[PDB]
Amino acid sequence: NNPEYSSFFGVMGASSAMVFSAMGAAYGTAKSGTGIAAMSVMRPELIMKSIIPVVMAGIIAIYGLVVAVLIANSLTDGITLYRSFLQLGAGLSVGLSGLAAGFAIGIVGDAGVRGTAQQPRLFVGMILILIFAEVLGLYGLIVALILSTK
Amino acid sequence: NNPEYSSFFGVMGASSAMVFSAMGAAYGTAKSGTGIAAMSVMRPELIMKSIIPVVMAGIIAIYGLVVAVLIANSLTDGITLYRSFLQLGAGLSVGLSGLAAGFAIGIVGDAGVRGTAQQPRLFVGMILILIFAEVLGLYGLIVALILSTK
Amino acid sequence: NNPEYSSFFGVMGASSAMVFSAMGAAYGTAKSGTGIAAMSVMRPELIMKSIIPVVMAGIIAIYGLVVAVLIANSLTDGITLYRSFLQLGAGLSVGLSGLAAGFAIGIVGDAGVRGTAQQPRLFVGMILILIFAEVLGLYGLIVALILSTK
Amino acid sequence: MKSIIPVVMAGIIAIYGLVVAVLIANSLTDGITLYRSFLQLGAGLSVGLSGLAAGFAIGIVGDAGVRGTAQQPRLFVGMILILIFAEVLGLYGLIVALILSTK
Amino acid sequence: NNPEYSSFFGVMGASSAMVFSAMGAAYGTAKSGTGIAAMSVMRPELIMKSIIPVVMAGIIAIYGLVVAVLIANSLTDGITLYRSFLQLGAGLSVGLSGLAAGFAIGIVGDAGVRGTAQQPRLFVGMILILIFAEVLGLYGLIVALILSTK
Amino acid sequence: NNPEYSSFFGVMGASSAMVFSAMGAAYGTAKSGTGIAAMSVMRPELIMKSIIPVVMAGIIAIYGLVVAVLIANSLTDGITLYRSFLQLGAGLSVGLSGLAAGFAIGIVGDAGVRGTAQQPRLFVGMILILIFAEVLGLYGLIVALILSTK
Amino acid sequence: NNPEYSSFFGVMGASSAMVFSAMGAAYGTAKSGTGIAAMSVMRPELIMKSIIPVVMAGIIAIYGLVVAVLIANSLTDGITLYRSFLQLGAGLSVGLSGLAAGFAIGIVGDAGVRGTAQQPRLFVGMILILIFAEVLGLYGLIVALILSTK
Amino acid sequence: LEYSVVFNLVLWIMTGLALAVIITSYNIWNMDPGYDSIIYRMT
Amino acid sequence: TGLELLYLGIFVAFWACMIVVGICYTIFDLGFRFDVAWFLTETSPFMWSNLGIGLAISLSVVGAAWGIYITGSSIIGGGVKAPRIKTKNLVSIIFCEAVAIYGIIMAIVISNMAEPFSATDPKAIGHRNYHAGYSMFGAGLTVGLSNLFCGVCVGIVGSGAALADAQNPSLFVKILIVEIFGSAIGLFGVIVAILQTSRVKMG
Amino acid sequence: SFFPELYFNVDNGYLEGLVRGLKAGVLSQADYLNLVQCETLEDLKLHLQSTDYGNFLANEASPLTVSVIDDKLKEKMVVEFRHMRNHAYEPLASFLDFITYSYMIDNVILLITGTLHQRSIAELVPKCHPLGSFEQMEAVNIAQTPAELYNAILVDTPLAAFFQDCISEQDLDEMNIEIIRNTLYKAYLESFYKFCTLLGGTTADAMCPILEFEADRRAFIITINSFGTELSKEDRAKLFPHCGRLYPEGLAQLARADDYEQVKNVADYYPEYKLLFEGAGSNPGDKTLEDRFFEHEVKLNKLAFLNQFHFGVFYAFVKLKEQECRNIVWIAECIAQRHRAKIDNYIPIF
Amino acid sequence: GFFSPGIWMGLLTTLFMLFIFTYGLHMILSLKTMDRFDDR
Amino acid sequence: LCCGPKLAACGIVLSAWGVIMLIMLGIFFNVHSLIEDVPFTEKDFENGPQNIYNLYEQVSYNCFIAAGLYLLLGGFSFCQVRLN
Amino acid sequence: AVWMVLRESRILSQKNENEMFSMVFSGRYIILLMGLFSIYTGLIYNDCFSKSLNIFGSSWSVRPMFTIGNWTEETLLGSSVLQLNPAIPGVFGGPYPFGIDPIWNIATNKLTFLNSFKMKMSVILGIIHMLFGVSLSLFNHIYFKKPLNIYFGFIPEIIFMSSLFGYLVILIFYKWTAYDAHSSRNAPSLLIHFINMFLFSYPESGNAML
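Per the deposited record, determination of this structure is attributed to cryo-EM, with the resolution reported as 3.8 Å.

The name the PDB entry gives chain H is Renin receptor, with Rattus norvegicus as the organism.

Going by the PDB entry, chain D carries the name V-type proton ATPase 16 kDa proteolipid subunit and comes from Rattus norvegicus. The Sequence similarities field of the UniProt record for chain D holds the comment "Belongs to the V-ATPase proteolipid subunit family."

Rendered as structure tokens:
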């Protein structure tokens, strides 16, 4: 009674959840790393504070990792298709939302870190902005979890 | 009697709402954060006022979360397809409208924040303009809410 | 007796009416805000007058809201297709028309605000040209509304 | 000598590819029930495209890190931390592939 | 009898003729108008001479009109299809050929006006060239008429 | 005995021949006229000699007109298809070959006209090359004539 | 027993042989003529012995003409398809190979003539190099001749 | 049976997702580090 | 050029796939699997008709609107030193509104012909309805695109007019003649669209 | 092509109208004649007030001198340029930056030499040409250390890429200051020209002819002026830009030339230039070659204003107004020194 | 079969509105802010 | 010839390593007449296990030949380093 | 490493401008150990240039008894097939005294038998080593008299890691000794139970419990 090919959707979800969120975190980390290098040569004393955008970027990738595992552990051969579609949507929701978050984290990290090099008071504002990008990633996780368990 | 694979469209709606709204908020956040880092380096006393663009971007993201959840909680297996198209419309309506709002927030945020430091009397005008962008995001939510329960 | 998928075309009309109009208004707002931010630094006394391009951009968004809702309230399950394509046409008609008008408002408004600061005698000319832009969006609404009941 | 680290770490991605590519190959037969085949396809793409993302991350930060280190040797510790997170992204790819390819 | 859909091709013919000829005339006219305004600032006494390229462009429009009208008047429901293909070919033949001519008219008129502005002896030369471009358009009409009456 | 739509391929031949050859001549004319307009300012006495590239280009256009008419005259409803493909091939052969020739005419005329003004001894060399471009166009006509009667 | 989709493959061979070869020769002619015109400014005495690259370009066009005629003469109605694919291969082989040669002729001719202008010793070298490009084109003819009779 | 459904879905889903990866990869591939600060000296 | 590269890559792959599929369907001698009549007849005339209606009006606005911003920026810019400009060069925007109106009237005249069929099996049903459907599509497309390019023409020319008048007030009147030709281009599209639907019926 | 006349007016529409509106304000031939009929500097001021010029010498020292009106004229056009430069977007702003680069190059030549002969930056900046600006630090407070200036330039100053020809500081100390600045400017022309060709629309066709002229014009004058000095023929050739009409073949002849006659023979191959050398009678009481070149350059920059959709209008604007300033100062100077027979040596700008 | 009358008609309308979206977004993406502000 | 003592020294190391590996390998083939199980057997394999033993004996002989060449190489390279 | 040490006096009392040689020389005592342990581990891995070391103790299977177990003239079909050697035929078994039985080095499925070992071994070694690293923190917190860092830090941290990851390690050893081939069908999958553990996922059927 189960339509063959049905698993294709859910399987692409589990992968997409990791792949797209990984690209986001990869952008965030890479973009921040360049800004960090610029700051640190000018002044290395902040080297342990400018790393934060990178840690945040990683958390985004984790959001995707969590969903990718939840989907993979929810695959079966006798899949009812409905659940497979939910898994694809859930995987894309967190993956693509984390992807957007990754760009948000990278762009503001680079600008914030480079600015902080000149103005130490910028640190607090940078963190608050970074918080919004992490929240943007979480919203994706929330929806993905709702769909995958629906 | 209900067409098969009918859930696909509604599932894409739920994910589309969250992803496009996150894309919008992410763009608006990134553009504002760049302006903030460039602006507040000279005038840190404005760092706690130039954050607002970013908050409004976050509202765009919430619009998406509200609909994406509303859609997900409305899905079942035996969907009459009709309902799914309605769910897809509601998802895209808020998602892509929030995306457009994100660009409005981003461009106006960057221009406004840097301009505000050059001319503090601009602050109020910046907020009013950004208010229209938040309203543009809301119009999308209004339609999505009308469709999602239709 | 209803060709299945009949409802699909209609709901896309409501989506297009809102999404395309939001895109237009969003662009119009972005250009106007950028021009205002650049102008207002030297002549802050013009900030209040300079907001007008932004309001009109907003009106473009409203036309889209009007059609998008009118279509949404006009959807049912047993749609005879004939009605569905009429709604799709109305949606696209106001959508693209509002989208084009939003571009005209943004581009003209940007130049108008900058020019007005240099030469206040241009203020009325700015308003006149911009009214035409809005009238174009109106046109889109008028026909989109007429088609909805044919 | 120290500046080689980005290159050495990057090599892990090719290794991850080998590890999964072989793990999948070990489970290729003729009478495959399709289900398991998709799982293998997903695991292959998951680690591959995730490793691709990680490769980008490592390369970009390596260039900035190595150049910065010569300007300021204190950058060494920060460079290492950044490289790690980029490598973790490749690791996450492996993790999903291992869980999926064995499901 | 006369197959269905057979008029489809003939309708595209009538549309193609007018639309592509309008493209040619619109480009050729815009290019000439730019050159005319550019010259007229420097010396107004040549303005009348510089108008002809615009008429040239208009003729392209007429070429398209002649065929589009011929086909549109010939179109009926019971078309033997063979006739529709002739109309399709005639439509494209005159439209695309007039399009090429209009492009040529634009380029040579704009360059010719600037040339004449510098050197009044050029007048005869550019007129001879523009005559060739008009001949290029007519060729299109000739073939289209031969096909439309075949 | 013959299939339907068999005239479709043939009629595209008649159209293709005229359109591509007109496009070639149009390009060659446009490039030549640009060179003439720019050159004639310094050397007005060459205006009546620098026109030649334009005449060459017109020949490409005639080449195309001749075949397009021959196809139209030999295009019937009860066509055996075989002949239709031959007509399509003949149309494309002369059209696309003329298009290539028009390009060469264009580039050589543009450079040649300016080169001649800077070097009166180049005039003969310019003609020889343009003779080669006319030969390139003729080869297309020859093949088309062979195919259309085969 | 002859498949009616074969007279198309065949005639496209004859067309390809001519069209692509004309494109190659046209490119080589366009580039060679441009270099010659520039050269003539300083060294007009070289104009006549600089035409060779253009003659070679023409030979490429002939390569195509010959095959196109051989195929066109070979085309019949009851084609066994096998022959049609041989005609298609032969057409493309000579045409596209000549096209490649046209680029070599063009680029080498331009650079060679411009160099020769300053270093008369380059002339034998220019010819040797261009001879290789003509040989590359001939290779295309050789294969086409083998296929067209197979 | 219903091939057109599976086909249509899979074609456009994998095409859109594949393009999203290609575009994202492009944007990352060409990340602009700024080519400043220390790059001017290292170049 | 990131977007241009995207557009090109899609364009090339799009047609490259069509070439392979087309030639393959031929080579493998498929039973007319690529059936153009099937596409044209299964697609409801309601889609074709209502598409043409929306295009007719919407494309015309795009043109009008395009031209408006072309001349708006030029007029406002020049007006910084020549405030006289707004007195006369506003007609360029009047021309753009007129270009939009052309499409609006045509779109309504077409939409007035929209009717239901109460039809099912296309075979021998609605033969005339298909003609009217395709004709309405064509006429709508015809006028839409014609006004679209018309609006751009008059916009570009109006820009030159404003730049000319900024420097010499005597030039406006003579240049005005060019915009009139531009407007005519749009009107020609209207004439043909009317003819194309002059003999149609739905229902 | 269809490249311009479409998206161009979206961002650059305003600036095109404004800059042509500014062009309208340039002194006409009728206005120059009214300015000649003065013979008094105060009367010159009065007659200038009839145009877009005027009311800018108010509140200055009661006696008017040539040095004062000269500085003020520069300042007026600097403000107009900076205004248009500030109200602009990257697609156009990058073009304008190239224009500013030409002035930055001269200013950094001024910063060196002074650094090489211990002078403080603060003393040098007041005599730098506007538009150089140098808002960045590190170029400031270099502590009169050449290495610090060469590091600040390499890093912060947009001209860093151009200095790739002249590097390692060794070049700064061993090369003559004039060879350094001519080399750097050549690099500027090469990049700027290529930039204009990347913008492969109307701008390339309207702008490149001007740059190609500048390349050839400098090659001619450099060859002639270099005759009487000590400079290796190869090093002279290194200063010839390759974005021009002499590059294919012609520069080789100028590089070898040791006499004006040979330089003219090079021009003989280019009628557009030959006319300039024949018109430059060079008699003891006539116009010279530099004067004819100025007249030609203005023709070219004026023809730039025949295209309504490009960036070349902004370049031409600056050069034409700069010549306008030269013309006005010339008149003021001729009045002050009472050389009325030499008044008609201004370059008409239509 | 590969396509149905439903699926196809959907794709045909989807592309038209997709082109409209692409057009709109294209101009939105090619939207810049100022590098600097004019004066004090 | 000298060839450089840096390269002669490398030859000594390669030669010594080779002699050790080739002798040990040849023994393994001779004893297990095996893990490698790649003596290039015939495709026309008959019921004669003794045929496999004979193949390994051939492989072993070849191993000692290669070792002999490394012994000669080490001798030459050794004297080069001493003379260099 | 031995060479470098034996020449230590000649290399150290010299000039070594090449930092690559100096670097490895400075680490010569670190490398020495790496070599010594590499031998130890290689012997347990039983890989010496992809060759196993058979000590005449390889008793994995008794081929003569294979043919007895309903395998008569399998070498006829064998010409085109492999045929996997069964577990628990009653005549196979017994561990290899030291390292991996050489027989696997010549199998076509080495890549699954030994691959699983290395995966599980890596987890076992990693988690145990991590627990050691945590244990060390207790001594440091005692030295600096920070009761809070052990009452609210160490204790819940070591329990957290133990409860999740040490549990996993125990199960890995359990499976190896708990299940034989007699239960190979529906044999529990440790990875799935680990994931289901965290999620409190306890399906009624589909997975056997350990």
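Asker: What is the right way to look at the overall build of chain H in this model?
Answerer: What chain H contains, in helices and strands, is two helices and zero strands. Principal-axis analysis of the C-alpha atoms gives chain H an extent of 65 × 10 × 5 Å. Here chain H holds 43 residues, and the buried ones make up 30% of them. Of the roughly 2,700 Å² of accessible surface on chain H, 65% is carried by carbon and sulfur atoms.

Asker: Whenever I open this one, the overall build of chain D confuses me. Can you help?
Answerer: When you go through chain D residue by residue, the secondary structure sums to three helices and zero strands. Along its sequence from the N terminus, chain D presents helices and strands in the succession α-α-α. Over its C-alpha atoms chain D spans a radius of gyration of 17 Å, topping by over 25% the 13 Å that the globule rule assigns to 103 residues. With the C-alpha coordinates aligned to their principal axes, the bounding extent of chain D is approximately 60 × 20 × 15 Å.

Asker: Before we go on, may I ask you to explain the nonpolar core in this structure?
Answerer: The nonpolar side chains of soluble globular proteins are, as a tendency, buried together. Grouped together as the largest cluster of nonpolar side chains are 563 residues, with contacts concentrated most on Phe95(J), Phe192(J) and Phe220(J). Residues within four places of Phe192(J) in sequence aside, it is in contact with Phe95(J), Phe98(J), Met207(J), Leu211(J) and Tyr315(J). Listed in part, the seven residues of the second largest apolar core include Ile124(M), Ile127(M), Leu168(M) and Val169(M).

Asker: How should empty space enclosed by the protein be read in this particular structure?
Answerer: If a probe the size of a water molecule is rolled over the atoms, the empty space left behind becomes visible. When its volume is computed, the largest cavity comes out at roughly 100 Å³. Around the largest cavity, the lining residues are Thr34(A), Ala37(A), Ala38(A), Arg114(A), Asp63(D), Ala64(D), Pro33(H), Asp36(H), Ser37(H), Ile38(H) and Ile39(H). Secondary structure elements with two or more residues in the lining of the largest cavity: helix 1 (6-42) of chain A together with helix 2 (35-71) of chain D. It is helix 1 of chain A that contributes the most residues to the lining of the largest cavity, three residues altogether. Considered as a void within the structure, the second largest cavity measures approximately 60 Å³ in volume. If you go around the second largest cavity, the residues you meet are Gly33(A), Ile36(A), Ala37(A), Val61(D), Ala64(D), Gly65(D), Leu75(D), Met79(D), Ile82(D) and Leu83(D).

Asker: Is there a simple way to explain the arrangement of the chains in this structure?
Answerer: Across the gap from chain A to chain F, with no contact made, the nearest C-alpha atoms are 40 Å apart. The closest approach of any C-alpha atom in chain E to one in chain G is 19 Å; the two make no contact.

Asker: Could you clarify how one ought to interpret the interface of chain E and chain I in this entry?
Answerer: Listed by partner, the interface residues are 42 residues for chain E and 39 residues for chain I. Of the roughly 3,500 Å² buried at the junction of chain E and chain I (both faces included), carbon and sulfur atoms supply 79%. Of all residues in chain E, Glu4(E), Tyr5(E) and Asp77(E) give up the largest surface area on contact with chain I, accounting jointly for 17% of the area buried on that side. Our enumeration of links across chain E and chain I arrives at one salt bridge. In this structure, the salt-bridge partner of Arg128(I) is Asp77(E), at a minimum N-O distance of 3.0 Å. Counting the contacts that link chain E with chain I gives ten residue pairs in polar contact. Elements supplying a minimum of two residues to the side of chain E that touches chain I: helix 1 (7-42) and helix 2 (52-74) of chain E. Top contributing element to the side of chain E that touches chain I by residue count: helix 1 of chain E, with 20 residues.

Asker: What's the story with the pattern of salt bridges in this structure? I'm lost.
Answerer: Where charged atoms from two side chains of opposite charge approach closely, those side chains can pair. If you walk through the whole model with that rule in mind, you get 40 salt bridges over all chains. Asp110(G) is paired through a salt bridge with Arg114(G); the nearest N and O atoms lie 2.8 Å apart. With a gap of four residues between them, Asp110(G) and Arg114(G) both fall in helix 3 (residues 82-118), about one helical turn apart. Given a relative accessible area of 22%, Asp110(G) falls into the partly exposed group. Each of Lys31(A), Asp110(A), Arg114(A) and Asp36(H) takes part in salt bridges that share partners, so that together they form one network.

Asker: Help me understand the packing of helix 9 (residues 177-198) of chain J against helix 10 (residues 202-225) of chain J, please; the structure alone is not making it clear to me.
Answerer: Helix-helix packing is described using two parameters, namely the angle between the two axes and the distance between the axes. Residues and elements named next belong to chain J. The interhelical angle for the contact between helix 9 and helix 10, taken along N-to-C directions, is 160°, at an axis separation of 9 Å. As the angle between them shows, helix 9 and helix 10 are arranged roughly antiparallel. Remark: the crossing between helix 9 and helix 10 carries left-handed chirality. On helix 10, the residues touching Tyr185, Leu189, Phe192, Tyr193, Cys196 and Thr197 of helix 9 are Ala204, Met207, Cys208, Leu211, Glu212, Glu214 and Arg218.

Asker: Would you mind going over unusual backbone geometry with me for this structure?
Answerer: Even without a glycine there, the phi angle at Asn59(J) is positive, about 70°. Relative accessible area serves as the criterion here: at 82%, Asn59(J) is assigned to the exposed category.

Asker: Honestly, the packing of aromatic side chains in this entry has me stumped. Any pointers?
Answerer: To describe a pair of aromatic rings, you give the distance between the ring centres and the angle between the ring planes. Under the criterion given, the structure shown has 85 aromatic pairs over all chains. Lying across the ring of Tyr53(J), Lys76(J) places its NZ or CZ 5.7 Å from the centre. A cation over a ring is seen here: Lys118(M) above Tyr45(M), with NZ or CZ 5.2 Å from the ring centre.

Asker: Sorry if this is basic, but what is going on with the environment of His87(J) here?
Answerer: Here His87(J) is to be found in the loop between helix 4 (66-86) and helix 5 (90-114). The exposure class assigned to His87(J) is buried, which follows from its relative accessible area of 9%. Each C-alpha atom of the pair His87(J) and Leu15(J) lies 8.1 Å from the other, and the pair is 72 residues apart in sequence. When residues no more than four places from it in sequence are discounted, the contact partners of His87(J) are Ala38(C), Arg114(C), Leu15(J) and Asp38(K). A polar contact is formed between the side chain of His87(J) and the side chain of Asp38(K), at a distance of 3.0 Å.

Asker: In this structure, what is going on with the UniProt feature "transmembrane region" in chain H? I would like to understand it.
Answerer: The residues that UniProt annotates with the feature "transmembrane region" are residues 3-23 of chain H. In this annotation, residues 3-23 of chain H is assigned 100% helix and 0% strand; the end-to-end C-alpha distance for the span is 30 Å.

Asker: Help me understand the environment of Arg121(A), please; the structure alone is not making it clear to me.
Answerer: Locating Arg121(A) in the fold gives a position in the loop between helix 3 (82-118) and helix 4 (122-148). As a C-alpha pair, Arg121(A) and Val19(A) span 102 residues in sequence and 36 Å in three-dimensional space. Sequence-distant contacts of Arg121(A), that is, excluding residues within four places in its chain, are made with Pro44(B) and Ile47(B).

Asker: What is the right way to look at a nonpolar patch on the surface in this model?
Answerer: Residue and element names in this part refer to chain I. On the surface, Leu8, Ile10, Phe11, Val12, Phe14, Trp15 and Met18 cluster together to form a nonpolar patch covering roughly 710 Å² of accessible area. Within the element layout of this structure, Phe11 appears in helix 1 (residues 2-27). Since its relative accessible area comes to 51%, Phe11 is described here as exposed.

Asker: Would you explain the side chain of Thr71(I) in this entry?
Answerer: Residue and element names in this part refer to chain I. Secondary-structure assignment places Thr71 in helix 3 (residues 45-78). A polar contact of 3.3 Å, which involves the side chain of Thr71, links it to the backbone oxygen of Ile68. If we ignore the near neighbours within four places in the chain, the residues touching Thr71 are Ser92, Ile93, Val154, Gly155, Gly158 and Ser159.

Asker: Help me understand the side chain of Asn129(I), please; the structure alone is not making it clear to me.
Answerer: Residues and elements named next belong to chain I. Within the secondary structure, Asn129 sits in helix 6 (residues 127-167). According to the relative accessible area criterion, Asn129 is buried, its value standing at 11%. Apart from the residues lying within four places of it in its own chain, the contact partners of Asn129 are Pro45, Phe117, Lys201, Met202 and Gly203.

Asker: When you look at the environment of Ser28(J) in this model, what are you seeing that I'm missing?
Answerer: Residues and elements named next belong to chain J. Locating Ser28 in the fold gives a position in the loop between helix 1 (8-23) and helix 2 (29-36). Counting along the chain gives 296 residues from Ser28 to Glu324, while the straight-line C-alpha distance between them is 9.9 Å. Looking at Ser28, its side chain comes within polar contact range of the side chain of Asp31, at 2.6 Å.

Reading the values: the criteria
- Residues numbered from 1 in each chain as written, not as in the entry; some residues may be left out.
- Chains lettered and ligands numbered in written order.
- Part of a larger assembly, values for the part shown.
- Heavy atoms only, no water.
- Residues with missing side-chain atoms left out of burial classes, pairs and counts.
- UniProt positions renumbered as here; feature names shortened; annotations may be inferred.
- Helix = DSSP H or I, 4+ residues; strand = E, 2+ residues; numbered from the N terminus.
- Buried < 20%, exposed > 50% of the residue type's maximum accessible area, 1.4 Å probe, protein only.
- Areas by Shrake-Rupley, 256 points an atom, 1.4 Å probe, with all protein chains shown as cover.
- Rg over C-alpha atoms; globule rule 2.2 N^0.38 Å.
- Core = buried A, V, L, I, M, F, W, Y, C linked by side-chain atoms within 4.5 Å.
- Contact = heavy atoms within 4.5 Å.
- 1 Å grid on protein atoms, 1.4 Å probe; cavity = no way out; pocket = protein on both sides within 12 Å on 5 of 7 lines; lining within 4 Å.
- Points joined across faces, edges and corners; volume = space filled by probe spheres on them.
- Buried area = accessible area lost by both parts, 1.4 Å probe.
- Salt bridge = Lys/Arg side-chain N within 4 Å of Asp/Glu carboxyl O.
- Polar contact = N/O pair within 3.5 Å; in protein donor to acceptor, adjacent residues only side chain to side chain.
- Axes fitted to C-alpha atoms, helices over the stretch in contact; angles between N-to-C directions.
- Parallel < 35°, antiparallel > 145°, perpendicular 65-115°, else oblique.
- Left-handed = near helix turned anticlockwise from the far one by under 90°.
- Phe/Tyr/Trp six-rings, centres within 6.5 Å; stacked < 30°, edge-to-face > 60°.
- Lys NZ or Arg CZ within 6 Å of the ring centre and 35° of its normal.
- Patch = residues over 30% accessible without salt bridge, like charges linked within 9 Å, V, L, I, M, F, W, Y side chains within 5 Å.

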